[PDB]
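Undergrad: Input file: work.cif. Contents: mmCIF, C-alpha atoms (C1' of nucleotides).
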```cif
data_entry
#
loop_
_atom_site.group_PDB
_atom_site.id
_atom_site.type_symbol
_atom_site.label_atom_id
_atom_site.label_comp_id
_atom_site.auth_asym_id
_atom_site.auth_seq_id
_atom_site.Cartn_x
_atom_site.Cartn_y
_atom_site.Cartn_z
ATOM 1 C CA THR A 16 24.456 -7.264 -22.786
ATOM 2 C CA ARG A 17 24.043 -4.889 -19.817
ATOM 3 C CA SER A 18 21.128 -6.540 -18.025
ATOM 4 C CA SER A 19 22.783 -9.851 -18.855
ATOM 5 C CA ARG A 20 26.420 -9.182 -17.973
ATOM 6 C CA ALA A 21 25.291 -7.079 -14.987
ATOM 7 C CA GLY A 22 22.454 -9.399 -14.048
ATOM 8 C CA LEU A 23 19.819 -6.804 -13.320
ATOM 9 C CA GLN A 24 16.236 -6.029 -14.274
ATOM 10 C CA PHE A 25 16.924 -2.333 -14.806
ATOM 11 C CA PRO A 26 18.364 -0.524 -17.920
ATOM 12 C CA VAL A 27 22.156 -0.103 -17.339
ATOM 13 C CA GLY A 28 22.744 1.541 -20.764
ATOM 14 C CA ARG A 29 20.106 4.248 -20.235
ATOM 15 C CA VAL A 30 21.036 5.933 -16.949
ATOM 16 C CA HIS A 31 24.687 6.124 -18.108
ATOM 17 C CA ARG A 32 23.625 8.456 -20.913
ATOM 18 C CA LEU A 33 21.515 10.792 -18.817
ATOM 19 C CA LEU A 34 24.205 10.997 -16.185
ATOM 20 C CA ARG A 35 26.656 12.165 -18.875
ATOM 21 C CA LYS A 36 24.098 14.474 -20.471
ATOM 22 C CA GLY A 37 22.776 15.883 -17.157
ATOM 23 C CA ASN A 38 26.380 17.061 -16.940
ATOM 24 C CA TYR A 39 27.291 15.976 -13.350
ATOM 25 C CA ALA A 40 31.137 15.960 -13.227
ATOM 26 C CA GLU A 41 33.766 16.401 -16.016
ATOM 27 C CA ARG A 42 33.841 12.763 -17.229
ATOM 28 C CA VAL A 43 31.851 9.877 -15.540
ATOM 29 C CA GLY A 44 33.077 7.012 -13.280
ATOM 30 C CA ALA A 45 32.717 3.486 -14.705
ATOM 31 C CA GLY A 46 31.288 2.391 -11.368
ATOM 32 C CA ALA A 47 27.997 4.290 -11.589
ATOM 33 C CA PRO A 48 25.663 3.487 -14.562
ATOM 34 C CA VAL A 49 25.577 -0.107 -13.487
ATOM 35 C CA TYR A 50 25.464 0.500 -9.733
ATOM 36 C CA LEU A 51 22.878 3.233 -10.284
ATOM 37 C CA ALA A 52 20.532 0.864 -12.198
ATOM 38 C CA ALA A 53 20.846 -1.676 -9.379
ATOM 39 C CA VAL A 54 19.626 0.298 -6.361
ATOM 40 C CA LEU A 55 16.829 1.736 -8.467
ATOM 41 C CA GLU A 56 15.469 -1.708 -9.322
ATOM 42 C CA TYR A 57 15.824 -2.572 -5.634
ATOM 43 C CA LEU A 58 13.602 0.366 -4.591
ATOM 44 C CA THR A 59 11.210 -0.374 -7.470
ATOM 45 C CA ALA A 60 10.510 -3.811 -6.070
ATOM 46 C CA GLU A 61 10.258 -2.686 -2.441
ATOM 47 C CA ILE A 62 7.020 -0.711 -3.066
ATOM 48 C CA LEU A 63 5.106 -2.853 -5.748
ATOM 49 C CA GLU A 64 4.693 -5.733 -3.364
ATOM 50 C "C1'" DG B 1 -14.023 31.887 38.234
ATOM 51 C "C1'" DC B 2 -12.048 30.059 41.929
ATOM 52 C "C1'" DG B 3 -9.544 27.380 44.881
ATOM 53 C "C1'" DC B 4 -6.035 23.686 46.154
ATOM 54 C "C1'" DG B 5 -1.731 22.027 45.712
ATOM 55 C "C1'" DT B 6 2.701 21.711 44.819
ATOM 56 C "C1'" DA B 7 6.543 22.212 41.822
ATOM 57 C "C1'" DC B 8 9.807 25.108 40.111
ATOM 58 C "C1'" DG B 9 12.459 29.864 40.784
ATOM 59 C "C1'" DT B 10 15.638 32.245 43.677
ATOM 60 C "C1'" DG B 11 19.338 32.081 47.196
ATOM 61 C "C1'" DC B 12 23.873 30.401 49.612
ATOM 62 C "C1'" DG B 13 26.940 27.508 50.474
ATOM 63 C "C1'" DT B 14 29.643 23.618 49.009
ATOM 64 C "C1'" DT B 15 32.038 21.509 45.203
ATOM 65 C "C1'" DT B 16 33.538 20.099 41.115
ATOM 66 C "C1'" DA B 17 35.730 20.788 36.277
ATOM 67 C "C1'" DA B 18 35.911 24.214 32.499
ATOM 68 C "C1'" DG B 19 38.823 27.490 30.572
ATOM 69 C "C1'" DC B 20 43.745 29.433 30.283
ATOM 70 C "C1'" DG B 21 48.004 29.657 28.187
ATOM 71 C "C1'" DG B 22 52.606 26.179 28.242
ATOM 72 C "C1'" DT B 23 54.935 22.453 26.019
ATOM 73 C "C1'" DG B 24 55.598 18.198 23.255
ATOM 74 C "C1'" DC B 25 54.726 14.907 19.634
ATOM 75 C "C1'" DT B 26 53.590 12.948 15.563
ATOM 76 C "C1'" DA B 27 49.640 12.026 12.276
ATOM 77 C "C1'" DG B 28 47.305 12.985 8.986
ATOM 78 C "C1'" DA B 29 46.105 16.796 5.355
ATOM 79 C "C1'" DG B 30 48.227 19.076 1.435
ATOM 80 C "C1'" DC B 31 51.404 19.424 -1.724
ATOM 81 C "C1'" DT B 32 53.878 17.560 -5.461
ATOM 82 C "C1'" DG B 33 55.303 14.544 -9.358
ATOM 83 C "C1'" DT B 34 55.183 10.987 -12.725
ATOM 84 C "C1'" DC B 35 51.890 6.730 -15.610
ATOM 85 C "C1'" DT B 36 48.486 5.320 -17.520
ATOM 86 C "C1'" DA B 37 43.947 3.577 -17.364
ATOM 87 C "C1'" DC B 38 39.096 4.925 -18.572
ATOM 88 C "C1'" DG B 39 35.920 8.315 -20.493
ATOM 89 C "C1'" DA B 40 34.780 11.321 -24.036
ATOM 90 C "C1'" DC B 41 34.126 11.440 -29.290
ATOM 91 C "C1'" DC B 42 33.137 9.969 -33.997
ATOM 92 C "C1'" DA B 43 31.711 6.032 -36.774
ATOM 93 C "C1'" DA B 44 28.029 2.278 -38.555
ATOM 94 C "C1'" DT B 45 25.023 -1.431 -37.441
ATOM 95 C "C1'" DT B 46 21.339 -3.261 -34.884
ATOM 96 C "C1'" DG B 47 16.838 -4.201 -31.722
ATOM 97 C "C1'" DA B 48 14.829 -2.268 -27.651
ATOM 98 C "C1'" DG B 49 11.363 1.000 -26.951
ATOM 99 C "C1'" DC B 50 7.167 3.907 -28.091
ATOM 100 C "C1'" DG B 51 2.720 4.876 -30.423
ATOM 101 C "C1'" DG B 52 -1.247 2.570 -32.368
ATOM 102 C "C1'" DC B 53 -4.237 -0.534 -32.028
ATOM 103 C "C1'" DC B 54 -7.375 -4.007 -30.516
ATOM 104 C "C1'" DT B 55 -7.326 -9.761 -27.273
ATOM 105 C "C1'" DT B 56 -9.115 -13.648 -24.703
ATOM 106 C "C1'" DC B 57 -10.342 -16.227 -20.626
ATOM 107 C "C1'" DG B 58 -12.015 -16.012 -15.895
ATOM 108 C "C1'" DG B 59 -14.828 -14.098 -12.155
ATOM 109 C "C1'" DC B 60 -18.788 -11.353 -10.058
ATOM 110 C "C1'" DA B 61 -23.637 -11.615 -10.187
ATOM 111 C "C1'" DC B 62 -27.314 -12.027 -12.214
ATOM 112 C "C1'" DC B 63 -30.260 -16.897 -13.955
ATOM 113 C "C1'" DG B 64 -32.755 -21.752 -15.869
ATOM 114 C "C1'" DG B 65 -35.483 -26.220 -15.963
ATOM 115 C "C1'" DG B 66 -37.797 -29.956 -13.568
ATOM 116 C "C1'" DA B 67 -40.061 -32.599 -9.827
ATOM 117 C "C1'" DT B 68 -42.827 -31.623 -5.837
ATOM 118 C "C1'" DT B 69 -45.874 -29.420 -2.308
ATOM 119 C "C1'" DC B 70 -50.151 -26.735 -1.055
ATOM 120 C "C1'" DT B 71 -54.500 -24.590 -2.177
ATOM 121 C "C1'" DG B 72 -59.447 -24.941 -4.473
ATOM 122 C "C1'" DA B 73 -64.136 -26.901 -6.578
ATOM 123 C "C1'" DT B 74 -66.453 -31.505 -6.367
ATOM 124 C "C1'" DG B 75 -69.753 -35.136 -4.366
ATOM 125 C "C1'" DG B 76 -72.263 -39.312 -2.374
ATOM 126 C "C1'" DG B 77 -74.632 -40.008 2.280
ATOM 127 C "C1'" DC B 78 -76.554 -39.217 6.947
ATOM 128 C "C1'" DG B 79 -79.240 -35.515 9.082
ATOM 129 C "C1'" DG B 80 -82.102 -31.865 9.783
ATOM 130 C "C1'" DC B 81 -85.667 -27.665 7.701
ATOM 131 C "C1'" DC B 82 -90.347 -27.065 10.496
ATOM 132 C "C1'" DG B 83 -93.853 -25.768 7.016
ATOM 133 C "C1'" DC B 84 -97.161 -26.103 2.909
ATOM 134 C "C1'" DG B 85 -100.077 -29.949 1.362
ATOM 135 C "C1'" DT B 86 -103.239 -33.782 -0.091
ATOM 136 C "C1'" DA B 87 -106.581 -37.566 1.794
ATOM 137 C "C1'" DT B 88 -110.215 -39.429 4.789
#
```
Any chance you could put this one into structure tokens?

TA:
Amino acid sequence: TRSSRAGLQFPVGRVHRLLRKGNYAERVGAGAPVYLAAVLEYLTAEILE
DNA sequence: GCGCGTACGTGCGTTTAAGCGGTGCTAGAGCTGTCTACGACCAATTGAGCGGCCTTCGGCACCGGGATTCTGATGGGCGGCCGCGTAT
């Protein structure tokens, strides 16, 4: 389930919703919620340490 | 302020390559046309997430008890007080 299937530490089923409610393009590409959680986690980790 | 030094502006001549308009070629943008996959939407169920509320062990810095070391009144014995004092 999202983190699982994706294999990330970030919420994949949270940024998908905001990107569709922000109202960016007409519909949303399937690519992004998942990809978009990934880089975010990556940045998150780069600072903490 | 002043004074020394030199580098950077202004000139001419030499030189080098942009800009002009001439043609040719085909690549890659733009259009166009059909399919269908993927995202929005509506539904119903489920647990991740937020407020509300209070947890426990480890680490900084203040602490604890027991043997041991150093200071003080005590005391017999060898010496010195020279000055009042009794005896012949």

Undergrad: Any chance you could resolve the PyMOL selection byres ((chain A and resi 44) around 10) against this file and give the residues as a list in words?

TA: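 Applying the expression gives residues 31, 35, 40, 41, 42, 43, 45, 46, 47 and 48 of chain A; 38 and 39 of chain B.
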
Undergrad: Applied to this file, what does the PyMOL selection byres ((chain A and resi 28) around 9) return in terms of residues, put as number ranges by chain?

TA: A: 17-18, 26-27, 29-32, 48-49, 52

Undergrad: Just the selected residues (C-alpha atoms), exported as a PDB file, keeping the file's coordinate frame, please.

TA:
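Full text of selection17.pdb as output:
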```pdb
ATOM      1  CA  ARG A  17      24.043  -4.889 -19.817  1.00  0.00           C
ATOM      2  CA  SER A  18      21.128  -6.540 -18.025  1.00  0.00           C
ATOM      3  CA  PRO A  26      18.364  -0.524 -17.920  1.00  0.00           C
ATOM      4  CA  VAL A  27      22.156  -0.103 -17.339  1.00  0.00           C
ATOM      5  CA  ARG A  29      20.106   4.248 -20.235  1.00  0.00           C
ATOM      6  CA  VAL A  30      21.036   5.933 -16.949  1.00  0.00           C
ATOM      7  CA  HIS A  31      24.687   6.124 -18.108  1.00  0.00           C
ATOM      8  CA  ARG A  32      23.625   8.456 -20.913  1.00  0.00           C
ATOM      9  CA  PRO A  48      25.663   3.487 -14.562  1.00  0.00           C
ATOM     10  CA  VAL A  49      25.577  -0.107 -13.487  1.00  0.00           C
ATOM     11  CA  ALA A  52      20.532   0.864 -12.198  1.00  0.00           C
TER      12      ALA A  52
END
```

Undergrad: Record the distance separating atom CA of residue A:57 and atom CA of residue A:16, expressed in Å with one decimal.

TA: 19.8 Å

Undergrad: Skipping near chain neighbours, those fewer than 5 positions away, what residues fall within 9 Å of residue A:55 using all atoms listed in the file, listed as a PyMOL selection string?

TA: chain A and resi 25+50+60

Undergrad: Can I get the selected residues back with C-alpha atoms, as a PDB file, in the coordinates of the input?

TA:
```pdb
ATOM      1  CA  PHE A  25      16.924  -2.333 -14.806  1.00  0.00           C
ATOM      2  CA  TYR A  50      25.464   0.500  -9.733  1.00  0.00           C
ATOM      3  CA  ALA A  60      10.510  -3.811  -6.070  1.00  0.00           C
TER       4      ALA A  60
END
```

Undergrad: Please compute the atom CA of residue A:36-atom CA of residue A:19 distance, one decimal, in Å.

TA: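 It comes out at 24.4 Å.
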
Undergrad: Using atom CA of residue A:54 and atom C1' of residue B:37 as the two end points, give the distance in Å to one decimal.

TA: 26.9 Å

Undergrad: Select, from B:64, B:49, B:19, B:58, the residue with the minimum atom-to-atom distance to chain A, counting all atoms listed in the file.

TA: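 Looking at the shortest contact to chain A, the residue is B:49.
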
Undergrad: Would you compute, for all listed atoms of stretch 58-64 of chain A, the axis-aligned bounding box grown by 6 Å on each side, and then report its centre and edge lengths in Å rounded to one decimal, as lines of an AutoDock Vina configuration file?

TA:
```
center_x = 9.1
center_y = -2.7
center_z = -5.0
size_x = 20.9
size_y = 18.1
size_z = 17.0
```

Undergrad: Can I get N, CA and C atoms for stretch 35-63 of chain A, as a PDB file, in the first residue's frame?

TA:
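Output file out20.pdb is given in full below:
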```
ATOM      1  N   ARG A  35      -4.129  17.361  -7.423  1.00  0.00           N
ATOM      2  CA  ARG A  35      -5.393  17.378  -8.157  1.00  0.00           C
ATOM      3  C   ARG A  35      -6.331  18.425  -7.617  1.00  0.00           C
ATOM      4  N   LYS A  36      -6.097  18.889  -6.398  1.00  0.00           N
ATOM      5  CA  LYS A  36      -6.974  19.895  -5.793  1.00  0.00           C
ATOM      6  C   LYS A  36      -6.358  21.281  -5.932  1.00  0.00           C
ATOM      7  N   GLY A  37      -5.025  21.385  -5.984  1.00  0.00           N
ATOM      8  CA  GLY A  37      -4.322  22.613  -6.345  1.00  0.00           C
ATOM      9  C   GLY A  37      -4.858  23.168  -7.640  1.00  0.00           C
ATOM     10  N   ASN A  38      -5.172  22.224  -8.521  1.00  0.00           N
ATOM     11  CA  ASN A  38      -5.691  22.353  -9.878  1.00  0.00           C
ATOM     12  C   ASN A  38      -4.599  22.730 -10.918  1.00  0.00           C
ATOM     13  N   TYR A  39      -3.548  21.903 -10.971  1.00  0.00           N
ATOM     14  CA  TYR A  39      -2.421  22.121 -11.916  1.00  0.00           C
ATOM     15  C   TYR A  39      -2.611  22.059 -13.435  1.00  0.00           C
ATOM     16  N   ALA A  40      -2.959  20.876 -13.951  1.00  0.00           N
ATOM     17  CA  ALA A  40      -3.443  20.694 -15.339  1.00  0.00           C
ATOM     18  C   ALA A  40      -4.890  20.187 -15.320  1.00  0.00           C
ATOM     19  N   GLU A  41      -5.408  19.776 -16.481  1.00  0.00           N
ATOM     20  CA  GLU A  41      -6.800  19.263 -16.591  1.00  0.00           C
ATOM     21  C   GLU A  41      -6.949  18.025 -15.698  1.00  0.00           C
ATOM     22  N   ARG A  42      -6.286  16.925 -16.066  1.00  0.00           N
ATOM     23  CA  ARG A  42      -6.347  15.683 -15.291  1.00  0.00           C
ATOM     24  C   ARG A  42      -4.923  15.669 -14.738  1.00  0.00           C
ATOM     25  N   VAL A  43      -4.349  14.520 -14.261  1.00  0.00           N
ATOM     26  CA  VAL A  43      -3.104  14.401 -13.564  1.00  0.00           C
ATOM     27  C   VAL A  43      -2.348  13.233 -14.138  1.00  0.00           C
ATOM     28  N   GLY A  44      -1.040  13.330 -14.372  1.00  0.00           N
ATOM     29  CA  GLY A  44      -0.328  12.095 -14.903  1.00  0.00           C
ATOM     30  C   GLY A  44       0.069  11.038 -13.855  1.00  0.00           C
ATOM     31  N   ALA A  45       0.080   9.759 -14.255  1.00  0.00           N
ATOM     32  CA  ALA A  45       0.024   8.715 -13.160  1.00  0.00           C
ATOM     33  C   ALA A  45       1.392   8.668 -12.519  1.00  0.00           C
ATOM     34  N   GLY A  46       2.398   8.950 -13.388  1.00  0.00           N
ATOM     35  CA  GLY A  46       3.771   9.281 -13.035  1.00  0.00           C
ATOM     36  C   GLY A  46       3.971   9.901 -11.623  1.00  0.00           C
ATOM     37  N   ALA A  47       3.396  11.099 -11.479  1.00  0.00           N
ATOM     38  CA  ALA A  47       3.760  12.123 -10.503  1.00  0.00           C
ATOM     39  C   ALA A  47       3.519  11.828  -9.018  1.00  0.00           C
ATOM     40  N   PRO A  48       2.360  11.366  -8.483  1.00  0.00           N
ATOM     41  CA  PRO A  48       2.228  11.417  -7.026  1.00  0.00           C
ATOM     42  C   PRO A  48       3.393  10.689  -6.302  1.00  0.00           C
ATOM     43  N   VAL A  49       3.742   9.586  -6.965  1.00  0.00           N
ATOM     44  CA  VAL A  49       4.677   8.614  -6.548  1.00  0.00           C
ATOM     45  C   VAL A  49       6.054   9.207  -6.662  1.00  0.00           C
ATOM     46  N   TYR A  50       6.429   9.696  -7.861  1.00  0.00           N
ATOM     47  CA  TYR A  50       7.684  10.302  -8.154  1.00  0.00           C
ATOM     48  C   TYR A  50       7.919  11.516  -7.209  1.00  0.00           C
ATOM     49  N   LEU A  51       6.818  12.249  -6.981  1.00  0.00           N
ATOM     50  CA  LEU A  51       6.833  13.512  -6.302  1.00  0.00           C
ATOM     51  C   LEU A  51       7.063  13.284  -4.807  1.00  0.00           C
ATOM     52  N   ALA A  52       6.608  12.113  -4.311  1.00  0.00           N
ATOM     53  CA  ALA A  52       6.868  11.751  -2.885  1.00  0.00           C
ATOM     54  C   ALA A  52       8.373  11.404  -2.727  1.00  0.00           C
ATOM     55  N   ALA A  53       8.897  10.735  -3.755  1.00  0.00           N
ATOM     56  CA  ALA A  53      10.258  10.239  -3.733  1.00  0.00           C
ATOM     57  C   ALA A  53      11.333  11.310  -3.597  1.00  0.00           C
ATOM     58  N   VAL A  54      11.335  12.360  -4.449  1.00  0.00           N
ATOM     59  CA  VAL A  54      12.389  13.326  -4.384  1.00  0.00           C
ATOM     60  C   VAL A  54      12.309  14.096  -3.043  1.00  0.00           C
ATOM     61  N   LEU A  55      11.092  14.314  -2.612  1.00  0.00           N
ATOM     62  CA  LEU A  55      10.804  15.018  -1.393  1.00  0.00           C
ATOM     63  C   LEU A  55      11.427  14.353  -0.162  1.00  0.00           C
ATOM     64  N   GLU A  56      11.265  13.032  -0.078  1.00  0.00           N
ATOM     65  CA  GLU A  56      11.907  12.256   0.972  1.00  0.00           C
ATOM     66  C   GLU A  56      13.421  12.459   0.806  1.00  0.00           C
ATOM     67  N   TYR A  57      13.950  12.376  -0.430  1.00  0.00           N
ATOM     68  CA  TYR A  57      15.333  12.457  -0.670  1.00  0.00           C
ATOM     69  C   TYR A  57      15.895  13.771  -0.113  1.00  0.00           C
ATOM     70  N   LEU A  58      15.225  14.897  -0.351  1.00  0.00           N
ATOM     71  CA  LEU A  58      15.660  16.182   0.152  1.00  0.00           C
ATOM     72  C   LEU A  58      15.551  16.196   1.688  1.00  0.00           C
ATOM     73  N   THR A  59      14.494  15.525   2.201  1.00  0.00           N
ATOM     74  CA  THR A  59      14.199  15.581   3.624  1.00  0.00           C
ATOM     75  C   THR A  59      15.421  15.059   4.421  1.00  0.00           C
ATOM     76  N   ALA A  60      15.972  13.988   3.880  1.00  0.00           N
ATOM     77  CA  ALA A  60      17.043  13.244   4.470  1.00  0.00           C
ATOM     78  C   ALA A  60      18.333  14.020   4.294  1.00  0.00           C
ATOM     79  N   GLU A  61      18.506  14.751   3.184  1.00  0.00           N
ATOM     80  CA  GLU A  61      19.768  15.402   2.914  1.00  0.00           C
ATOM     81  C   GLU A  61      20.136  16.460   3.949  1.00  0.00           C
ATOM     82  N   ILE A  62      19.164  17.210   4.448  1.00  0.00           N
ATOM     83  CA  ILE A  62      19.362  18.170   5.550  1.00  0.00           C
ATOM     84  C   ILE A  62      19.505  17.605   6.998  1.00  0.00           C
ATOM     85  N   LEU A  63      18.650  16.701   7.460  1.00  0.00           N
ATOM     86  CA  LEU A  63      18.514  16.217   8.853  1.00  0.00           C
ATOM     87  C   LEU A  63      19.902  15.894   9.409  1.00  0.00           C
TER      88      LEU A  63
END
```
